[PDB]
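In: No letters, just coordinates:
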């Protein structure tokens, strides 16, 4: 189990902690454009996934935006962000920042993602801050679950996993 804290005590997760080498669960989220997208689409490249609770929190910036730049520096990767937040809030955050290498997505709807990857925090109904990397087979190449929901992963980590495979 990933057992995340919420700044003073533990909080339960739905789902299980996934690992490297495992086949990713394969679900659907909405695009920020209000269409279904699933892991089956994402396997078209080595893909990084950046889970955050909602996009407005400022700490989300340090992920989605840095990921945009780092993905440009890699030159050949694919990256998405997923929130329990509105598709249009997510689209807008991208538009404000001029993001192009990353696209934001909304699990908001059916939580299928947050549930299956064990990042829906049961006790909050909120997505964890976590990251994953996925091979073109849809195998997990890296996974990390920030032990503290009030803190965020380092984007360098899934970059180092993805950059090893895009060569």
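Out: Cool, got the structure. Numbering: from 1, shown residues only.

In: how about the helix ranked longest in the chain: buried residues?
Out: Assignment by DSSP state H gives helix 61-74 as the longest helix of the chain. For helix 61-74, the neighbour count (16 or more other Cβ atoms under 10 Å) marks 63-68, 70-71, 74 as buried. The C-beta positions use only the backbone N, C-alpha and C, and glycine is treated the same way.

In: what's near enough to touch the nearest residue to residue 46 once chain neighbours are set aside?
Out: Take residue 46 and drop its neighbours on the chain: the residue closest to it by Cβ to Cβ, 6 or more residues apart in numbering is residue 165, 4.9 Å away. By Cβ atoms under 8 Å, 6 or more residues apart in numbering, the contact set of residue 165 is 46, 135, 141.

In: Now name the helix or strand holding the spatially most central residue of the chain.
Out: Closest to where the C-alpha atoms of the chain average out (Cα atoms, centre = their mean) is residue 50, at 2.4 Å. Taking DSSP states H and E as the criterion, residue 50 maps to strand 47-51.

In: what's that strand in contact with?
Out: With Cβ under 8 Å, 6+ apart as the criterion, strand 47-51 contacts 42, 63-64, 67, 71, 77-83, 102, 113-114, 117, 119, 127-134, 153, 155, 158-159, 161-162.

In: What residues sit buried inside that strand?
Out: 47-51.

In: which residues sit against stretch 5-14?
Out: With Cβ under 8 Å, 6+ apart as the test, stretch 5-14 has contacts from 1-4, 111, 114-115, 118-124, 128, 147-150.

In: can you rerun that using 7 Å?
Out: Applying Cβ atoms under 7 Å, 6 or more residues apart in numbering, the external contacts of stretch 5-14 come out as 1-4, 115, 118-124, 147-150.
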